[PDB]
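A lone chain, given as structure tokens: the form deposited in one PDB entry.
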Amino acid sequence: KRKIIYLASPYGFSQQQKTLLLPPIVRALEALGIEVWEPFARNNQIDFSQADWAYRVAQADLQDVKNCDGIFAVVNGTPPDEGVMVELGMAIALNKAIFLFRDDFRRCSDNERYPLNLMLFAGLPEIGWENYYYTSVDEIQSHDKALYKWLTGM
């Protein structure tokens, strides 16, 4: 069975970001052999004319985080997206694999060790957390970083 990554991001909210930013990240993950669950694409069939669609998206996304093997969370922005953060907290509590992506060079932090709010790293090991922290789309395929180690059992 392929490992399943839930690709959490705010990029579905902007028409241009949805069209241009997500496909390259999806493709980078798929090139490692990962099955990618991207929520904006997976919720295509919900009936958005009905008033309960927001509840139905919430529950579908909760189920996807429960059923994934890891989360790949796009945590660009100041601050990172609140929905992505909820999904990240779910992933941490459910002991999913955690991978963080930030190619935004601004620092937005409450501490000196981590580049973001310390809670985002609570599900990563004390040592080597930066191996799970990706700062460019080109880095996703790196054999030295945590996605590759995960797939190769190292």
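Shifts are known only where both forms have a C-alpha. Throughout, we count residues from 1 along the sequence that is shown. By rigid core we mean the largest C-alpha set that fits within 1.5 Å across both forms.
Unshown form deposited in another entry; subsequent notes refer to it.
- Of the residues listed here (122, 58, 46, 94), only one shifts its CA by 2 angstroms or more between the shown form and the other one after fitting on the rigid core, and it is 46.
- Shown here is a form in which the CA atoms of residue 54 and residue 49 lie at least 3 Å farther apart than they do in that other deposited form.
- By 3 Å or more, the C-alpha separation between residue 60 and residue 47 grows in that other deposited form relative to the form shown here.
- Core-superposed comparison between the shown form and the other one places the only run of three or more consecutive residues whose CA atoms all shift by 2 angstroms or more at 44-52.
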